[PDB]
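In what follows, a structure is listed as structure tokens, so that the remarks can point back to it.
Just so it is clear: chains get the letters A, B, ... in the order the sequence lines come, proteins before strands, and each one is counted from 1. Both ligands and their constituent atoms are indexed starting at 1 by order of listing. Just so you know, these numbers use all the heavy atoms, side chains as well, and skip hydrogens, waters and symmetry mates.
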Amino acid sequence: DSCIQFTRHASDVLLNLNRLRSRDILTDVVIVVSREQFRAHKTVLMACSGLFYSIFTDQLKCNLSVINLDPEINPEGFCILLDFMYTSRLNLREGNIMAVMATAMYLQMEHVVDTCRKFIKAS
Amino acid sequence: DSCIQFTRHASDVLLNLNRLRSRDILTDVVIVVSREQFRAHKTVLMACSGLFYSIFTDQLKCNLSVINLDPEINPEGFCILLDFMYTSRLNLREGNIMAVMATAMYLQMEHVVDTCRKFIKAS
Amino acid sequence: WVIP
Amino acid sequence: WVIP
Ligand SMILES: CN(C)c1ncc(Cl)c(Nc2ccc3c(c2)CC(=O)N3)n1
Ligand SMILES: CN(C)c1ncc(Cl)c(Nc2ccc3c(c2)CC(=O)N3)n1
Ligand SMILES: [Cl-]
Ligand SMILES: [Cl-]
């Protein structure tokens with residue numbers, strides 16, 4: 001086509017979606033990780049995760065307001081990944097990298113799994 | 001912070017949200033423009049437009065599944081802008097620039113209004 | 001704005 | 001991935 005493109009549009013959209021999350025605006029699901037609860041937007045979860053994409057395209061699970069993750073999933077690892085989904089920023093540290101990689105593999109977030117594998121290989 | 005960043009994350013998120021729109025997955029509103037109907041995600045509309053941001057933060061309008069725009073709004077201008085919201089790409093042409101600018105002013109999409117003003121000034 |  |  002003959003379209004023009006606004007370079008910062010995608011980043012600005014994601015920044016606004018994170019603002020809606022922080023104010024709990026139009027969140028439509030709660031992700032339960034052991035004792036911890038995380039509110040989010042199903043569309044953003046699907047856009048970032050192969051696991052959530054599969055869950056919310058299911059004709060029955062698409063209508064659930066609560067999703068319980070596998071009890072092996074660490075709440076901190078999930079929190080770091082949920083923050084990454086809404087910001088493009090990953091808080092990867094020596095003390096959390098194993099829990100982050102395991103959570104990213106479960107959530108099917110290929111690019112996060114790739115950087116965790118590379119950072120582990122370096123050490 | 002000490003975060004790392006994935007450059008393409010925001011663009012990849014927007015691409016997936018457009019894939020959900022194209023398949024009519026988790027769309028939660030229909031925007032009526034004269035005789036024409038457009039299905040979309042309230043969160044994406046809010047993230048792109050000052051008008052939709054105001055509408056869906058309203059304690060009553062947040063729950064509406066149908067929004068009717070002002071009858072002066074041109075369906076083609078709206079379609080071009082809805083496509084821009086989900087792609088960062090604007091189909092700006094000599095034959096549609098006046099309808100696109102008027103629709104962007106109504107929707108409160110400042111960056112689109114700015115490029116339309118600049119393109120009109122050049123001609 | 002750019003030419004993509 | 002980059003240092004933002
Ligand atoms: C694959 N596909 C057509 C598609 N359409 C829409 C959405 Cl929201 C979607 N999201 C999704 C699927 C798989 C994966 C991801 C997002 C991230 C990832 O590493 N794997 N994937
Ligand atoms: C202004 N604010 C705190 C905010 N938070 C969340 C959202 Cl979704 C939002 N969106 C929005 C508001 C105003 C405008 C836009 C989006 C685009 C524009 O040109 N004006 N604006
Ligand atoms: Cl990823
Ligand atoms: Cl804009």
Q) Does any N/O atom on B:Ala47 come nearer than 3.5 Å to any N/O atom on ligand 2? A) no
Q | Those residues that, when tested against A:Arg89, pass side chain to side chain contact (heavy atoms under 4.5 Å, CB included) (two or more places apart) | A | A:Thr87, B:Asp1, B:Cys3, B:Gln5, D:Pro4
Q.
Salt bridge or not between B:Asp28 and B:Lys42? Use side-chain N to carboxylate O under 4.0 Å.
A. no
Q. Which of the numbered atoms in ligand 2 are below 4.0 angstrom from a heavy atom of B:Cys48?
A. 17 (C)
(Q) My understanding is that only residues two or more places apart in sequence, or in another chain, count here; which of them pass ring pair (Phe, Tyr, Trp, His ring centres under 6.0 Å) with A:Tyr86? (A) A:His41
Q) Using the ring of each side chain (for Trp, its six-membered ring), is A:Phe52 parallel, tilted or perpendicular to A:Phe78, with breaks at 30° and 60°? A) perpendicular
Q: For A:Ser22 and A:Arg19, test the side chains for any donor-to-acceptor distance below 3.5 angstrom and give the result as yes or no.
A: no
(Q) Under 4.0 Å from a heavy atom of B:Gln108: which atoms of ligand 2 are those, numbered in the order shown and with their elements? (A) 17 (C), 18 (C), 19 (O), 20 (N)
Q. Of B:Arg21, B:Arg23, A:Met46, A:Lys42, which has the heavy atom at the shortest distance from atom 11 (C) of ligand 1?
A. A:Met46
Q. Counting both backbone and side chain atoms, is some N or O of B:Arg19 under 3.5 Å from an N or O of ligand 1?
A. no
Q) Of the backbone atoms (N, CA, C, O) and the side-chain heavy atoms from C-beta on, which set of B:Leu20 has a member under 4.0 Å from an atom of ligand 1: side chain, backbone, both, or neither? A) side chain
